[PDB]
Each structure stands twice: as structure tokens, then as C-alpha cells.
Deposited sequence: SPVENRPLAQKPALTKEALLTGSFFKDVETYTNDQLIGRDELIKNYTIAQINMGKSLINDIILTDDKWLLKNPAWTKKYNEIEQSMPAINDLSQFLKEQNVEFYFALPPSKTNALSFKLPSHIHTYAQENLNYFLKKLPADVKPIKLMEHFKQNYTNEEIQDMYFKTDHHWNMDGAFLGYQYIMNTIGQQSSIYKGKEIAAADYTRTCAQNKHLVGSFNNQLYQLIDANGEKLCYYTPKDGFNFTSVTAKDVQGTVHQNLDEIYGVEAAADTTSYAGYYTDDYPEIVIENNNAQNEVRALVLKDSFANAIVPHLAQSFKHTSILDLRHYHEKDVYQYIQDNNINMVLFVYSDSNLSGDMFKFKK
């Protein structure tokens, strides 16, 4: 289901309240938070704004949508020890509707790289403020190079990348796809189709993998992070991985080898970060326990 206006396309807005859905899925979060708190493992829940939340101002008032009501309920029911990173609220307080609009693609439903880099920035500088084990330099624009293509077509728009001044310098980047093949470096995963005049967001950034593992001997800490994500993380996966000595990235739509608890123990995880869009508040991506 789709809304088009000034050639902006909005997909699947929240036509209704989903409190029952969020309420039913929340115990999974309750149990994971209890388990992690016991191990002294920090639990962050970052919430990139769904495009239909961020651009809801492009809808007439008579067309009622409930993205923020649903997110508010979700935030209200979270355990106290799950630290939410509230990106929509941050964007709304600090940017005009015009500037927020410039953070998303016109036809594709993801935030573009400009939005995603702000997201990454806000996420890590927030964790850097509150964490007992993550220490890292504050994320600054000047430390990167924004390079853009002026006329790309997502299945013309400006498609950009923010690359570390010194490039991404990872000890290893490894990933297993759904087909079972192993990817052995970052250029086999991220921005594979940067040259293409027409491809998908996945082509331009990354597809969804069951598992991506990055090792980073340059990082100024001993954080072994687990990122649980949906597609909104894809644009900033290596950027997130800059921040930690070890980064595991899982997509629970595709990773079924073991559950979240087994993964945390088998891989000695000591920090957990979700990156789910703020409409992805319940359902299949909240199955943590076999």
C-alpha cells in the first residue's frame, strides 16, 4: 500500500494503533534485558525513523496515521535498562521538515546516506556519553569525506558515501550470505554496485546478511558488540564497526544457526545494539529465544 504526493512515495504507513502487537512481543525484550543486565552487558535500542514517520508532515491531517503513537507505546513499555536512541525525536527537535526530507530517498523507503550518517553520529556519540566500556572519539563530520553521485536511480537522485578520512582500515571483514558463500572483505559487501547507474539500495550499500563479522585492531577499546538490525543499518555497517574492537552484525530474518542468547555466549558479546526502524516494533524480528 502506497501514498504518492509531490512524487514522494510513502509505503505502508501506520493506519492503526498496534499496541496489542507491541505488548505481545515486549516480553522477548524483557527477558533479553534481564539476561544482559545480569552479565553487566549494556543494551542499546536505536530507532531510525521510518520514512512514513519522518515525512508524515507530507500527509493531510484527515488521513490519520499512528507511527508516533505506536513508537511512544513501545518506548513506554521498554524495560528501564534498555536505553533507547530516539532518532525521530532528535531530528524533529533539531531540523526543519525540509532538512528531514533531505535525509530520505524520494522513491525508496530508506533514509539516504546523509540521514544515516547523522543517525550513526547521534547513536555513537550517545553511547560514548553513557557507556562504561565504549570509549571512542566523538564522531565529527570533518573526519570523513562525503562523495556523491548526482544522478542515480534506485529500483534521478543523489547517492552519497561518507568514508573515514583514512579509509576503512579493518583487520578483517567476513560475511555469510543466505546462499552460504563467504565474503572475505568489505568491498565484497559494501558499495559493490556504487558504479551502477541504476540498482537497489542494497546494491548501493549492503544486502541483508545472516551474519557479518568485523575485527578492528585499531579501535580504542575492548568492546565486542552485537548489532541486531534491519535494513536501515545497511548504510552504516562499517561506520558502526569503526567504533568497536569486534563487531558482530546479525539480521534475524536470515540468521537461524543459533538464537540470540547462544550467539551472545558463544561469541563473548559484551555490548548489544539494535538498529530497527521505528515502525519495526514487534513481530518476527523479536524472536530471540529458540
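Trainee: Relative to the deposited sequence numbered from 1, which residue ranges are unmodelled?
Mentor: Gaps vs deposited seq, in order: 1 to 60, 216 to 229.
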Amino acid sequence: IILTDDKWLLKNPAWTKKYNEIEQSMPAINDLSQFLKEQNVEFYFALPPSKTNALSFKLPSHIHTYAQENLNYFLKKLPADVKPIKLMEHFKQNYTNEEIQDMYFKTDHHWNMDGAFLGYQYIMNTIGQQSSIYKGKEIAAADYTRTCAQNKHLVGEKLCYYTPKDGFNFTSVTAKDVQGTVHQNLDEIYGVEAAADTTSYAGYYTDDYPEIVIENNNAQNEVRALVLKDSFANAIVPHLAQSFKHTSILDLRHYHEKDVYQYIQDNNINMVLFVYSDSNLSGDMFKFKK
From here on, numbers count along this sequence of modelled residues.
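Trainee: Which is higher on average in the deposited entry, the C-alpha temperature factors of 169 to 177 or of 128 to 136?
Mentor: Result of the comparison: 128 to 136.
Trainee: Given the B-factors recorded for C-alpha atoms, which segment has the greater mean, 71 to 79 or 144 to 152?
Mentor: It is 144 to 152.
Trainee: Name the residue from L59, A46, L32, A233 with the greatest C-alpha temperature factor listed in the entry.
Mentor: Reading the PDB entry, the winner on C-alpha B-factor is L59.
Trainee: Per the PDB entry, which option out of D108, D114, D197, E89 has the greatest Cα B factor?
Mentor: Each of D108, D114, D197, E89 was compared by C-alpha B-factor; the highest is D197.
Trainee: Using the temperature factors of the C-alpha atoms in this entry, rank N20 within its chain: lowest, middle or highest third.
Mentor: Highest third - that is where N20 ends up once the chain's C-alpha B-factors are sorted.
Trainee: C-alpha B factor of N12, ranked within the chain: lowest, middle or highest third?
Mentor: Its C-alpha B-factor belongs to the highest third of this chain's values.
Trainee: Please rank the C-alpha B-factors of the chain's modelled residues and tell me whether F244 sits in the lowest, middle or highest third.
Mentor: Middle third, going by the recorded CA B-factors of the chain.
Trainee: Grab the CA temperature factor for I63 from the record and place it in the lowest, middle or highest third of its chain.
Mentor: Within its chain, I63 is a highest-third residue by C-alpha B-factor, going by the deposited values.
Trainee: Lowest, middle or highest third: where is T206 by Cα B-factor in its chain?
Mentor: Bottom third by C-alpha B-factor.
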